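A quick write-up on the structure given underneath.
Protein chains: 4
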Amino acid sequence: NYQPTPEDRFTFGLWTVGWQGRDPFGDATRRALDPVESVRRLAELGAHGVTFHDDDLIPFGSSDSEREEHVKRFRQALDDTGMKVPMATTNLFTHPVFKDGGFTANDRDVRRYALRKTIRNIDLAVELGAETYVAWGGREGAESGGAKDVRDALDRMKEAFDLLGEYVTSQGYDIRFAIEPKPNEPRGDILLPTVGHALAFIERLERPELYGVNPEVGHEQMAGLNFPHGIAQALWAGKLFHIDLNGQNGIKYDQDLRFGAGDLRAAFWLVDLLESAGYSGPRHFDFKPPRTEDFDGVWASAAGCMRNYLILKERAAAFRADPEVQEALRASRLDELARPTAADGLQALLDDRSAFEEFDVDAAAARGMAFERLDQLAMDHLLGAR
Amino acid sequence: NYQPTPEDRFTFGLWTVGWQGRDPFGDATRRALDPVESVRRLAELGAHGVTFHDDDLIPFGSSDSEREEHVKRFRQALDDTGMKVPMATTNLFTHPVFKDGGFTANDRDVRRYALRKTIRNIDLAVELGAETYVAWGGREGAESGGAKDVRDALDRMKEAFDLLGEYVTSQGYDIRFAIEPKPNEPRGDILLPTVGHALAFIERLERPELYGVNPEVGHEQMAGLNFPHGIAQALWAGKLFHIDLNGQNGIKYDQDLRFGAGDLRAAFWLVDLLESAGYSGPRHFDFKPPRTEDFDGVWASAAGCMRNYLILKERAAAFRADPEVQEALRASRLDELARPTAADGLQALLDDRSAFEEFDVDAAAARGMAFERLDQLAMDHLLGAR
Amino acid sequence: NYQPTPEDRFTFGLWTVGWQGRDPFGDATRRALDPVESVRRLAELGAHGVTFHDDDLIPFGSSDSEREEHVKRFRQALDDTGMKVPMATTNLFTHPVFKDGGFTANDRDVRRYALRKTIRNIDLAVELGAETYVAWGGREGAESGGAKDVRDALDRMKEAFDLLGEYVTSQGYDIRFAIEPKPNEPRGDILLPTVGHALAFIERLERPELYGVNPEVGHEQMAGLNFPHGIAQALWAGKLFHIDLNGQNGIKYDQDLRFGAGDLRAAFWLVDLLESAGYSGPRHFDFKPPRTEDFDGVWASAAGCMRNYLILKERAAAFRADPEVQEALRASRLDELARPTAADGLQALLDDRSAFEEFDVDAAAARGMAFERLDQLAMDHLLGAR
Amino acid sequence: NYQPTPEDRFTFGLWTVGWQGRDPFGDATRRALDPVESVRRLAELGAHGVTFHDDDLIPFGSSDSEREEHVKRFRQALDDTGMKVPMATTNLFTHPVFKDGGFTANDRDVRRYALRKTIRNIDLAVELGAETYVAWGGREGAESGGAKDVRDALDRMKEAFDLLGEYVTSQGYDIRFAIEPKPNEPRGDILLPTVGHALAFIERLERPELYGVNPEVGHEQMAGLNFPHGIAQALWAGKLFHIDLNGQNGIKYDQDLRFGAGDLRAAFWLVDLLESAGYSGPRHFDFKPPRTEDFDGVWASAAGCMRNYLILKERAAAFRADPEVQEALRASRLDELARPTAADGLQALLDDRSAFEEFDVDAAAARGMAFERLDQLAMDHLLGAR
Ligand SMILES: OC[C@H]1O[C@@H](O)[C@H](O)[C@@H](O)[C@@H]1O
Ligand SMILES: OC[C@H]1O[C@@H](O)[C@H](O)[C@@H](O)[C@@H]1O
Ligand SMILES: OC[C@H]1O[C@@H](O)[C@H](O)[C@@H](O)[C@@H]1O
Ligand SMILES: OC[C@H]1O[C@@H](O)[C@H](O)[C@@H](O)[C@@H]1O
Ligand SMILES: [Mg+2]
Ligand SMILES: [Mg+2]
Ligand SMILES: [Mg+2]
Ligand SMILES: [Mg+2]
Ligand SMILES: [Mn+2]
Ligand SMILES: [Mn+2]
Ligand SMILES: [Mn+2]
Ligand SMILES: [Mn+2]
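Residue numbers (the authors' numbering), protein chains in the order written: chain A, 2 to 387; chain B, 2 to 387; chain C, 2 to 387; chain D, 2 to 387.
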């Protein structure tokens with residue numbers, strides 16, 4: 002039952018199953034994973050491919066020699082499995098040099114360094130087949146109000162992403178960028194804290210068509226926002242280039258639970274949206290097997306990410322396919338929602354007396370929305386109780 | 002001390018000092034205010050002007066006759082005081098007809114009604130001198146996931162705001178629009194939940210130059226976001242057409258405390274930003290005197306809004322003017338933040354070996370940001386302890 | 002399927018299905034319900050009984066005459082249905098007189114009034130069969146720090162509940178009290194904000210055995226707390242006298258969605274706990290049919306409360322009954338958790354060298370908890386995917 | 002100005018100024034501190050003393066030999082400075098062995114190990130002068146609902162703290178225990194998540210008089226609770242044995258900013274309470290100099306903790322001492338709050354017709370609380386604007 006296959010486009014970061022378990026209050030509980038072993042174990046679980054930070058694949062400060070061997074091993078692992086690399090990203094957060102950010106560090110030389118580090122990995126990403134290069138500004142932010150002039154920092158961020166856009170256009174690369182928003186942690190407040198903020202920022206960039214969002218379930222939920230809604234806005238904008246899936250129990254530290262845990266109902270409405278909107282990008286899991294687990298639990302947890310998506314996909318598909326649900330949708334006027342409000346135009350609307358002077362407001366007010374019955378149908382389907 | 006004057010551009014909604022105290026669990030504790038009395042009492046407190054929902058000024062369902070007398074009284078009150086009306090807005094939330102929204106109700110006739118109601122008040126707003134017409138989609142949203150197709154709802158919202166833009170362009174009006182974001186309440190999740198989401202949405206509108214944001218201190222804080230940061234992003238985008246000021250104690254129901262209460266430090270960093278960025282629009286207070294107060298407390302609470310802004314303005318101005326602070330700002334490299342990261346261009350950056358190959362990363366990493374000393378200087382100033 | 006029967010002990014407040022839909026930003030969308038009609042419609046849905054605030058049953062300021070007719074009608078409705086009244090409570094929040102609280106108002110005469118109002122309804126509750134009298138201090142609190150001396154207010158609250166305890170002991174009543182915690186709303190912060198705070202407070206009361214908690218799913222979740230955990234602590238303390246069930250989507254205004262909505266997984270772990278711990282009190286639904294609904298949706302929403310509990314009860318029972326789950330429970334050492342840590346006593350523990358000097362820490366550290374596999378089994382069961 | 006002296010009873014954990022800056026997404030930015038250097042630098046800043054986890058002072062797995070030298074060096078540093086050690090605690094969270102908790106690990110041998118580790122450090126704490134031994138159950142909890150039977154875990158926690166109580170009674174030690182609550186992180190939900198929960202739990206212990214709370218500003222605020230209120234409840238209960246001070250910006254990861262940052266107004270109301278209630282225990286700072294800082298910033302940040310307390314203490318003292326404030330307090334009936342509600346007893350209250358039958362409810366309802374004017378006086382004082 003619910004066995005993932007490569008056509009489900011499930012991908013995992015190297016840093017996910019590879020997470021060693023060091024948290025703010027704790028030492029590592031698992032040994033470091035050879036990226037080659039992760040490629041194989043993930044392929045045996047049915048995954049479509051893998052993603053990486055530069056520093057996951059090539060340890061920081063590697064010689065050109067050692068860099069080459071690390072890439073070669075990895076490429077060989079991709080060969081014998083067919084594993085794809087749809088996305089890659091830069092580690093602009095771990096090293097002490099980035100303690101005040103990468104692209105928006107107050108120190109200018111750190112900003113130039115960040116760009117060179119990113120540009121080097123773009124090349125590697127493009128060679129491996131990456132279609133999206135993700136930017137997560139984990140360190141772009143502040144704990145205190147005087148430490149960052151946010152308008153100047155937005156200048157520096159626009160200038161960085163404008164340079165990366167100019168670079169990929171000069172190389173004729175096909176790769177596109179996706180900003181991964183996060184509201185906070187490890188900075189007190191992170192710039193571009195939500196999907197909305199990243200989407201707005203992209204529109205001031207020089208080549209906005211090159212940039213989209215990589216939203217993460219848990220990150221929007223850390224601001225208490227509705228992740229299915231934010232995704233619909235990203236899709237509405239045409240900017241859902243990529244997506245990070247995982248679990249989060251409300252507003253607290255970034256948990257990165259396996260997808261399906263955390264807000265289960267939101268997970269259902271999310272899968273329902275991706276599937277019914279025809280999202281065709283990677284279903285990427287940016288999660289962490291809890292440090293309570295050993296390696297067996299790491300792989301069970303990763304298997305759980307895909308299984309929960311597949312179960313949810315089946316419940317949503319049956320929900321939409323149900324005639325009582327289709328009848329409930331009309332009863333709640335979801336079909337009227339898709340109708341243009343005034344396709345007769347402004348002037349016709351201004352003269353329409355049934356739109357104001359003769360609008361029976363109390364009759365329209367007394368029409369129940371029948372939202373609760375529709376939602377119990379969704380609940381019944383989610384729980385298999387139909 | 003700290004006495005507000007009209008040049009401080011402090012404005013209040015009729016619905017603020019006029020709030021009667023009915024909350025979800027409680028009946029009203031104060032009698033309804035005559036809008037004329039509010040105009041006068043606010044002018045006697047030093048306010049610049051007032052704002053209104055249509056339904057604050059003209060009770061719902063008024064005859065053309067009674068509408069005229071309500072407007073005439075109001076206009077006379079503005080005459081004898083000089084009170085301005087910089088902003089007006091539509092009540093698309095109180096009446097039962099809007100229980101599923103205005104511009105994005107599933108019922109199409111309610112959507113057309115909402116537009117006619119808005120368009121009627123636009124005319125009145127323009128006649129009274131309003132420069133901004135605010136849209137707050139309080140009812141645009143859902144409590145459950147199946148009740149609203151968010152992409153279709155975004156279609157309906159874009160079509161509504163496109164029609165309002167077409168209307169004001171046809172009348173040659175000067176007024177501009179400002180979306181007032183709110184993440185939730187009274188809907189479980191409200192569309193365009195934050196400043197970011199509203200800014201992004203505006204860029205898909207047909208005449209984006211006509212639309213900006215009216216951010217509210219408390220609303221961004223209900224998503225746990227940094228209001229001074231979101232404001233800097235709005236200013237960076239050129240979209241801070243208007244601003245709502247008040248207090249909020251973290252993530253919970255919309256409190257609308259008087260400005261200064263709630264997150265005091267955020268209030269300081271906010272005033273510091275508006276003043277140093279040269280914001281020149283209204284300092285509008287969308288707050289509610291707590292229902293524990295009588296009319297004396299209503300007016301003391303409103304006076305508190307302006308007083309706290311003025312005290313904070315003086316502390317921030319002294320903070321910036323302090324030489325130790327200017328020295329602390331350089332010590333934290335805030336001046337380096339304003340410098341272009343790579344004004345020598347992409348190619349020069351690619352060949353700069355001091356940007357990567359010869360970048361001493363450990364030396365840059367060991368340079369402390371001196372952020373804590375700068376913040377204690379800000380704290381010392383805020384508390385008058387210098 | 003999943004049809005509730007009186008033996009399921011489902012109860013509803015009069016104020017739940019009877020909620021008219023007035024919220025902070027909105028007028029009522031439904032007409033007021035005759036309490037008699039609610040008793041009948043709820044009995045036809047399979048409910049065990051009803052609960053009430055005094056002011057739900059007898060309108061405020063009723064003559065002794067009119068009070069009598071309202072009680073008589075109600076008692077007749079209970080007769081022809083067999084509906085029980087397991088719990089009643091006082092409205093110490095709606096009337097303007099309680100704007101600063103009931104038992105902890107700063108005004109002493111309001112405090113004495115609150116007690117008389119409560120004591121009058123205790124009598125009525127006891128006559129109707131109530132076993133629990135619930136106290137919700139909705140108005141006990143403050144928006145600002147100087148407005149309430151919290152230690153003095155705790156004195157006044159202890160003195161109130163001590164008087165109610167002295168009253169029920171003098172009348173020889175069997176009824177017991179249950180404090181219903183809420184962290185905020187409509188006050189900025191409410192005293193005894195969580196289950197923990199109420200449990201602690203009870204231990205300083207004069208007859209602690211008379212007092213327990215009435216925890217509400219949504220209220221603990223408004224503080225971001227784990228409701229199943231808090232319930233286990235209440236059960237552990239022997240104080241789960243009663244329970245309020247409903248849905249809440251994280252930290253925001255009190256939503257009071259129907260049980261099952263909001264945090265579905267928490268709902269599952271809750272039902273799993275009540276059932277496996279043998280809770281035998283009322284399954285009380287303190288929810289609100291969203292104001293988008295008409296009367297048909299009110300009753301569908303109420304039916305949804307019971308249906309979701311019953312579905313969840315079946316999933317949890319099957320989860321516990323599953324041999325793979327019982328094997329997973331042992332694999333995660335849940336059975337070792339029930340074992341006394343040192344039943345050999347302090348001295349034996351002090352001399353046990355396998356407890357410290359010869360404890361192989363790295364071997365114990367390398368034993369995975371197998372928590373993820375256990376949780377996917379729970380997920381599989383919840384979703385019917387076994 | 003505002004220079005701390007030992008009589009201010011300011012203490013710091015070794016792990017605070019000693020925090021190296023490793024966070025979930027980042028490597029350390031500062032070198033490890035010699036505990037001896039920290040004792041001296043803190044004494045030069047005016048601190049009263051220091052606190053430690055066992056593993057801060059003696060590195061894990063130290064020989065009896067090396068343990069002795071580490072303790073000897075430390076004791077010598079305390080000698081030449083006069084620095085006190087008022088509190089010590091056990092590290093039951095860092096080592097991988099504690100990944101599922103200490104006292105409530107599912108593995109029984111880990112639970113016995115935890116107790117032996119705690120008991121060993123109790124001895125050392127008592128020898129150094131510690132009056133409070135703090136328990137922080139950082140790892141007591143779960144990420145998923147099936148992983149922890151919370152009632153069994155409460156059994157194991159009561160049995161652990163009962164054994165520690167039996168141990169200190171057998172040795173005739175004077176030291177008392179203080180539970181340090183935290184709602185979450187690093188576990189998804191931590192047992193005894195708030196002050197309320199810990200206070201309640203203490204009352205089921207065998208010798209409750211030996212146990213109090215060590216509340217942390219930021220931890221209650223991570224549940225969105227009012228820290229000054231929770232402290233008043235702890236004081237009301239007689240259980241404020243100790244207190245952790247720091248800053249937190251709302252509901253998010255545990256920030257541990259320096260005291261004064263985060264919720265400044267709450268900091269003011271906190272100092273106002275500790276001082277006016279006559280708290281005489283340590284003012285302990287459990288904070289972390291942000292990893293952006295070098296060693297100069299570490300010490301400036303620590304100096305900021307004490308300075309902000311001292312500034313706030315002066316503002317609160319002047320607030321209380323102000324005659325307009327004392328007049329405002331009476332105007333808001335804070336003096337009536339301290340009066341017994343019904344010292345005439347139950348029967349007199351039952352017969353008092355001015356308490357119900359002849360209570361003019363509308364007159365009492367129309368008396369404003371004058372809370373806003375009182376709060377602006379507090380604000381004016383806090384900002385030095387009087
Ligand atoms: O940089 C991209 C990735 O970095 C990871 O370390 C973080 O956990 C993710 O939030 C992000 O997707
Ligand atoms: O519609 C504009 C205004 O409506 C008011 O009722 C709400 O309180 C505000 O959020 C908003 O500024
Ligand atoms: O007073 C008891 C009840 O009052 C109701 O109005 C509130 O909604 C509930 O929180 C509470 O259970
Ligand atoms: O164990 C006591 C201390 O441990 C520290 O590591 C944590 O940061 C604190 O929350 C706690 O006060
Ligand atoms: Mg991510
Ligand atoms: Mg507003
Ligand atoms: Mg309730
Ligand atoms: Mg602590
Ligand atoms: Mn994450
Ligand atoms: Mn608001
Ligand atoms: Mn509720
Ligand atoms: Mn902390």
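Just so you know, even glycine gets a beta-carbon here, dropped at the ideal spot from N, CA and C.
Shorter than 7 Å, the distance from the beta carbon of residue i to the closest heavy atom of ligand 3, or not?
| i | result |
| --- | --- |
| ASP56 (chain C) | no |
| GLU45 (chain B) | no |
| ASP336 (chain C) | no |
Taking 7 Å as the cut-off, is the CB of residue i close to at least one heavy atom of ligand 8?
| i | result |
| --- | --- |
| residue 1 (chain D) | With chain D represented from 2 up to 387, any question about residue 1 (chain D) goes unanswered, as that position is not in the structure. |
| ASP163 (chain D) | no |
| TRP20 (chain D) | no |
Flag residue i as yes when its Cβ comes closer than 7 Å to any non-hydrogen atom of ligand 4, and as no otherwise.
| i | result |
| --- | --- |
| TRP16 (chain A) | no |
| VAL86 (chain D) | no |
| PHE26 (chain A) | yes |
In the DSSP assignment, what are the bridge partners of residue i?
| i | result |
| --- | --- |
| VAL214 (chain D) | D:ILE180 and D:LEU241 |
| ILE191 (chain C) | C:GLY142 |
| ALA89 (chain C) | C:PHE53 and C:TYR134 |
Sorry if obvious, but does the Cβ on residue i come closer than 7 Å to a heavy atom of ligand 1?
| i | result |
| --- | --- |
| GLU221 (chain A) | no |
Run the proximity test for residue i: is its beta-carbon closer than 7 Å to any non-hydrogen atom belonging to ligand 10?
| i | result |
| --- | --- |
| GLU217 (chain B) | yes |
Quick one: does the C-beta of residue i sit closer than 7 Å to a heavy atom of ligand 6?
| i | result |
| --- | --- |
| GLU181 (chain B) | yes |
Residue i: beta carbon under 7 Å from a heavy atom of ligand 5?
| i | result |
| --- | --- |
| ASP81 (chain D) | no |
Whose CB is closer than 5 Å to a heavy atom of ligand 9? List the residues in chain order. This selection yields A:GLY219, A:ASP255 and A:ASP257.
Fully enclosed by the stretch 2–84 of chain A, which beta strand (DSSP E) runs are 3 residues long or longer? Counting whole runs of 3 or more residues, the stretch 2–84 of chain A contains the beta strand (DSSP E) stretches 11–14 and 50–54.
Does the stretch 303–310 of chain B come within contact of the stretch 256–274 of chain B, defined as at least 3 CB pairs closer than 8 Å? They touch, by the three-pair rule.
On the three-pair Cβ rule with 8 Å, is the stretch 173–185 of chain B touching the stretch 217–225 of chain B? Taking 8 Å as the limit for Cβ pairs, the verdict is that the stretch 217–225 of chain B does touch the stretch 173–185 of chain B.
Length-filtered (3 minimum) beta strand (DSSP E) runs lying within the stretch 242–298 of chain C: Fully enclosed beta strand (DSSP E) runs of 3 or longer: 284–286.
At least 3 beta-carbon pairs within less than 8 Å: the stretch 265–278 of chain A vs the stretch 15–28 of chain A: Pairwise C-beta distances place the stretch 265–278 of chain A out of contact with the stretch 15–28 of chain A, as fewer than three of them are shorter than 8 Å.
Can you find at least 3 beta carbon pairs, one from the stretch 287–296 of chain B and one from the stretch 364–372 of chain D, that sit closer than 8 Å? Under the Cβ criterion (8 Å, minimum of three pairs), the stretch 287–296 of chain B counts as touching the stretch 364–372 of chain D.
Contact between the stretch 336–355 of chain D and the stretch 25–45 of chain D (3+ Cβ pairs under 8 Å): Contact between the stretch 336–355 of chain D and the stretch 25–45 of chain D is absent, because fewer than three Cβ pairs lie under 8 Å.
Fully enclosed by the stretch 115–169 of chain A, which beta strand (DSSP E) runs are 3 residues long or longer? Fully enclosed beta strand (DSSP E) runs of 3 or longer: 133–136.
Report yes or no: do the stretch 161–177 of chain B and the stretch 189–196 of chain B share at least 3 C-beta pairs separated by less than 8 Å? Fewer than three beta-carbon pairs drawn from the stretch 161–177 of chain B and the stretch 189–196 of chain B are found closer than 8 Å, and the two stretches are therefore not classed as touching.
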